[PDB]
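The structure appears right after this line, and notes come after that.
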Amino acid sequence: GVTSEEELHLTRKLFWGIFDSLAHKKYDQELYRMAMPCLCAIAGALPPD
Amino acid sequence: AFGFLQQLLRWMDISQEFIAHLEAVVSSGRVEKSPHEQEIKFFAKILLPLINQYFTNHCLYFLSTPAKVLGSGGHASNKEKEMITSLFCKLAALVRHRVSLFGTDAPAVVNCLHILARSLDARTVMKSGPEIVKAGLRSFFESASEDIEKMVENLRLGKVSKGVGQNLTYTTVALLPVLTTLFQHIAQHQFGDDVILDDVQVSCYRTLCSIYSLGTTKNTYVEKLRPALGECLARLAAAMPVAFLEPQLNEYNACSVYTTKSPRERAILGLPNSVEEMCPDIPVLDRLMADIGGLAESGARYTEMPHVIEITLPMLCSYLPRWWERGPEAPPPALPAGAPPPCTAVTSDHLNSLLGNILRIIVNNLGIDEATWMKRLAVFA
């Protein structure tokens, strides 16, 4: 099947929720090591348009 | 993508803020407080891997156009194409002469530049785009030409080889690989006739002028830099819309500064008043072919002609195929557009003659102990 236009909305909020929070969190190597792959995977799933 | 790119551009001005602080402290007033330590780590450890992977997956989306769709579906808008162009220009200017300041993050920066270059739809940006965005792309080529000119004049042993060290390590690690990738991207998508038009041509001419000027130079640094310089020059020849090796037929080329611009102009900006004088130290195609043929038949080894094999041959191996399709003997759909005579004289004879000379060059060095240029020559031919 295909996404239902609601999972994409959840995915879009999930991306920016992590991105905004990580942009203010103090640098933690363990946190950054596994948050970055999550952002790449989420960004690679959302359609650009 | 519009929101994601806008945030990336928002961090670009932030990136410019602390690198200047790093440049300031590394010059005077040493302090290890690093007020932007969070910003530096987030930019280097999150943004660069994110830019690296995002545009690798969605490369076709930004290169697509409503006329020709390349990806599965959808195409980037003009504003998105403008933003990704400004992202490349800002990132390139960020690392310019600051490769050392990034430490181990410099390989990440150049990898992002490679991927951003492969996703630049420069045809639409240069044709229908804002002046600010277009001026950024023009400034990149102009800055690249100036850096290469400083590099080649230092390889001329003007300095022993301050800023000489910074310029040399920036060009050989960042500028040359990125410029090679950008020219290759332009050549594959036939963007040369739309991007390198008025001032990019002048910038590309100076790059073409300077790189070939290493033939009369014999040093240790030049020896190891020939494969990088030769590959960059070969890609430039594929993307150059002017037949710089055949100036006698330049009057029939529409994509030339001497035809697009009036004689009243081209004087406010310094031009040599003649197409033949743009890069006068480059031999014409007829002369260049004769020199290679003479070397091939003379049985000369690689040691007595390193410039021809490493630089001149890759240039011709890319110049001739481009202009064979735009000159005589091409399969011309030119019933309506056949009035302008071809601006080049490249036929199948030139390609056949060059290939025969290349084969004779290889067999002259067939039994030598060490020759690492053979693999590079094979892929170019």
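Residue numbers start at 1 in each chain; chains themselves are named A, B, ... in the order of the structure tokens; ligands are numbered from 1 in the order shown.
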- Query: What are the DSSP alpha helix (DSSP H) residues of chain A, as a ChimeraX atom specification?
  - Reply: /A:7-24,29-45
Within 6 Å of chain B: each chain A residue with its shortest pair, only C-alpha atoms, as a Markdown table:
| residue | atom | partner | partner_atom | distance |
| --- | --- | --- | --- | --- |
| A:27 | CA | B:38 | CA | 6.0 |
| A:36 | CA | B:46 | CA | 5.7 |
| A:40 | CA | B:50 | CA | 5.7 |
| A:48 | CA | B:1 | CA | 4.8 |
Using only C-alpha atoms, determine which residues lie at most 7 Å from region 8-25 of chain A, disregarding the query and same-chain residues fewer than 3 positions distant; provide the list as JSON, numbers by chain.
{"A": [3, 5, 39, 42, 46], "B": [42]}
- Message: Just to confirm, what's the straight-line distance from CA of residue 338 (chain B) to CA of residue 322 (chain B) in Å (one decimal)?
- Response: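 Result for CA of residue 338 (chain B) versus CA of residue 322 (chain B): 18.4 Å, one decimal.
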Open item on the list: So that I can check the surroundings of residue 318 (chain B), please list as a PyMOL selection string every protein, DNA and RNA residue that reaches within 9 Å of it, counting only C-alpha atoms and ignoring chain neighbours fewer than 6 positions away.
Closed with: chain B and resi 234-238+380-381
(request) Would you mind reading off the distance between CA of residue 8 (chain B) and CA of residue 92 (chain B), one decimal, in Å? (result)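 CA of residue 8 (chain B) sits 14.0 Å away from CA of residue 92 (chain B).
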Near-region 343-349 of chain B list (10 Å; only C-alpha atoms; drop same-chain fewer than 2 positions) as JSON, numbers by chain
{"B": [242, 243, 244, 245, 246, 247, 248, 249, 250, 251, 252, 253, 254, 285, 286, 319, 320, 321, 322, 323, 324, 325, 326, 327, 328, 329, 330, 340, 341, 351, 352, 353, 354, 355]}
May I have the residues from that selection written out with N, CA and C atoms, as an mmCIF file, in the first residue's frame?
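Contents of part.cif, freshly written:
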data_model
loop_
_atom_site.group_PDB
_atom_site.id
_atom_site.type_symbol
_atom_site.label_atom_id
_atom_site.label_comp_id
_atom_site.auth_asym_id
_atom_site.auth_seq_id
_atom_site.Cartn_x
_atom_site.Cartn_y
_atom_site.Cartn_z
ATOM 1 N N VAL B 242 32.534 26.734 -26.159
ATOM 2 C CA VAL B 242 33.284 27.378 -27.228
ATOM 3 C C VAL B 242 34.404 26.451 -27.674
ATOM 4 N N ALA B 243 34.697 26.490 -28.974
ATOM 5 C CA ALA B 243 35.787 25.705 -29.550
ATOM 6 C C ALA B 243 37.081 26.495 -29.378
ATOM 7 N N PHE B 244 37.632 26.424 -28.165
ATOM 8 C CA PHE B 244 38.828 27.191 -27.840
ATOM 9 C C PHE B 244 40.052 26.725 -28.614
ATOM 10 N N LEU B 245 40.032 25.510 -29.153
ATOM 11 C CA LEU B 245 41.123 25.012 -29.978
ATOM 12 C C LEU B 245 40.976 25.399 -31.443
ATOM 13 N N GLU B 246 39.848 25.991 -31.827
ATOM 14 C CA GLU B 246 39.594 26.411 -33.204
ATOM 15 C C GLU B 246 39.055 27.836 -33.201
ATOM 16 N N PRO B 247 39.893 28.818 -32.858
ATOM 17 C CA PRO B 247 39.414 30.208 -32.819
ATOM 18 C C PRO B 247 39.055 30.772 -34.182
ATOM 19 N N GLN B 248 39.540 30.176 -35.273
ATOM 20 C CA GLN B 248 39.262 30.711 -36.601
ATOM 21 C C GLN B 248 37.798 30.566 -36.993
ATOM 22 N N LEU B 249 37.062 29.660 -36.353
ATOM 23 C CA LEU B 249 35.649 29.455 -36.636
ATOM 24 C C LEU B 249 34.748 29.944 -35.509
ATOM 25 N N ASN B 250 35.267 30.782 -34.609
ATOM 26 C CA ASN B 250 34.477 31.249 -33.476
ATOM 27 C C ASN B 250 33.327 32.155 -33.897
ATOM 28 N N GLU B 251 33.423 32.796 -35.063
ATOM 29 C CA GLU B 251 32.375 33.703 -35.515
ATOM 30 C C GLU B 251 31.057 32.994 -35.793
ATOM 31 N N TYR B 252 31.059 31.668 -35.904
ATOM 32 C CA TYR B 252 29.853 30.897 -36.160
ATOM 33 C C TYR B 252 29.284 30.257 -34.900
ATOM 34 N N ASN B 253 29.816 30.597 -33.730
ATOM 35 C CA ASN B 253 29.367 30.033 -32.464
ATOM 36 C C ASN B 253 28.497 31.057 -31.750
ATOM 37 N N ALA B 254 27.234 30.694 -31.510
ATOM 38 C CA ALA B 254 26.316 31.614 -30.848
ATOM 39 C C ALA B 254 26.602 31.725 -29.357
ATOM 40 N N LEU B 285 43.966 23.203 -32.818
ATOM 41 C CA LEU B 285 43.713 21.769 -32.931
ATOM 42 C C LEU B 285 44.639 21.118 -33.950
ATOM 43 N N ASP B 286 44.855 21.776 -35.092
ATOM 44 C CA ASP B 286 45.739 21.215 -36.109
ATOM 45 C C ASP B 286 47.167 21.087 -35.591
ATOM 46 N N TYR B 319 37.511 16.860 -25.844
ATOM 47 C CA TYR B 319 37.158 17.958 -26.738
ATOM 48 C C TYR B 319 36.602 17.437 -28.058
ATOM 49 N N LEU B 320 37.277 16.455 -28.657
ATOM 50 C CA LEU B 320 36.856 15.952 -29.963
ATOM 51 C C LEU B 320 35.473 15.313 -29.948
ATOM 52 N N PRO B 321 35.127 14.420 -29.013
ATOM 53 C CA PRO B 321 33.772 13.845 -29.041
ATOM 54 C C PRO B 321 32.670 14.878 -28.903
ATOM 55 N N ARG B 322 32.903 15.951 -28.146
ATOM 56 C CA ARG B 322 31.871 16.969 -27.977
ATOM 57 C C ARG B 322 31.598 17.701 -29.284
ATOM 58 N N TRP B 323 32.651 18.061 -30.011
ATOM 59 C CA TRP B 323 32.503 18.858 -31.220
ATOM 60 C C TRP B 323 32.333 18.023 -32.479
ATOM 61 N N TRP B 324 32.474 16.700 -32.390
ATOM 62 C CA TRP B 324 32.126 15.864 -33.531
ATOM 63 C C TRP B 324 30.624 15.863 -33.772
ATOM 64 N N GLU B 325 29.832 16.002 -32.710
ATOM 65 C CA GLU B 325 28.381 16.027 -32.821
ATOM 66 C C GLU B 325 27.840 17.386 -33.236
ATOM 67 N N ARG B 326 28.667 18.430 -33.221
ATOM 68 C CA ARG B 326 28.216 19.782 -33.526
ATOM 69 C C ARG B 326 28.870 20.351 -34.777
ATOM 70 N N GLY B 327 29.649 19.553 -35.499
ATOM 71 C CA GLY B 327 30.303 20.014 -36.699
ATOM 72 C C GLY B 327 29.939 19.185 -37.912
ATOM 73 N N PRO B 328 30.806 19.191 -38.921
ATOM 74 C CA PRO B 328 30.573 18.346 -40.094
ATOM 75 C C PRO B 328 30.650 16.873 -39.725
ATOM 76 N N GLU B 329 29.996 16.050 -40.545
ATOM 77 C CA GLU B 329 29.868 14.602 -40.397
ATOM 78 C C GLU B 329 28.936 14.219 -39.254
ATOM 79 N N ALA B 330 28.406 15.183 -38.510
ATOM 80 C CA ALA B 330 27.399 14.876 -37.512
ATOM 81 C C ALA B 330 26.107 14.442 -38.201
ATOM 82 N N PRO B 340 23.539 28.458 -40.243
ATOM 83 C CA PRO B 340 24.843 28.783 -39.656
ATOM 84 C C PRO B 340 25.845 27.674 -39.916
ATOM 85 N N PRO B 341 27.006 28.004 -40.479
ATOM 86 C CA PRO B 341 28.037 26.990 -40.660
ATOM 87 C C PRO B 341 28.528 26.489 -39.320
ATOM 88 N N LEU B 351 39.299 11.954 -34.655
ATOM 89 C CA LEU B 351 39.173 10.937 -33.616
ATOM 90 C C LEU B 351 39.949 9.679 -33.980
ATOM 91 N N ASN B 352 39.884 9.266 -35.248
ATOM 92 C CA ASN B 352 40.626 8.087 -35.678
ATOM 93 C C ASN B 352 42.129 8.317 -35.592
ATOM 94 N N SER B 353 42.593 9.502 -35.997
ATOM 95 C CA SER B 353 44.019 9.803 -35.920
ATOM 96 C C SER B 353 44.498 9.848 -34.476
ATOM 97 N N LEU B 354 43.712 10.464 -33.590
ATOM 98 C CA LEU B 354 44.105 10.552 -32.188
ATOM 99 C C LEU B 354 44.172 9.173 -31.545
ATOM 100 N N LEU B 355 43.199 8.311 -31.845
ATOM 101 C CA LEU B 355 43.185 6.977 -31.254
ATOM 102 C C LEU B 355 44.389 6.161 -31.703
#
Practice item. Name the residues in contact with residue 370 (chain B) at a cut-off of 12 Å, using only C-alpha atoms, excluding same-chain residues fewer than 4 positions from it; report them as a list in words. Key: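 Near neighbours after the sequence-gap exclusion: residues 301, 302, 303, 365, 366, 374 and 375 of chain B.
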Would you export the selected residues with C-alpha atoms as a PDB file, in the first residue's frame, please?
ATOM      1  CA  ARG B 301      58.767   7.521 -23.657  1.00  0.00           C
ATOM      2  CA  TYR B 302      56.518   8.928 -20.936  1.00  0.00           C
ATOM      3  CA  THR B 303      59.451  10.658 -19.231  1.00  0.00           C
ATOM      4  CA  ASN B 365      56.016   2.423 -22.999  1.00  0.00           C
ATOM      5  CA  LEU B 366      54.839  -1.192 -23.140  1.00  0.00           C
ATOM      6  CA  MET B 374      48.102   3.882 -18.445  1.00  0.00           C
ATOM      7  CA  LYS B 375      44.940   3.258 -16.422  1.00  0.00           C
TER       8      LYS B 375
END
The distance between CA of residue 309 (chain B) and CA of residue 117 (chain B) is 28.0 Å
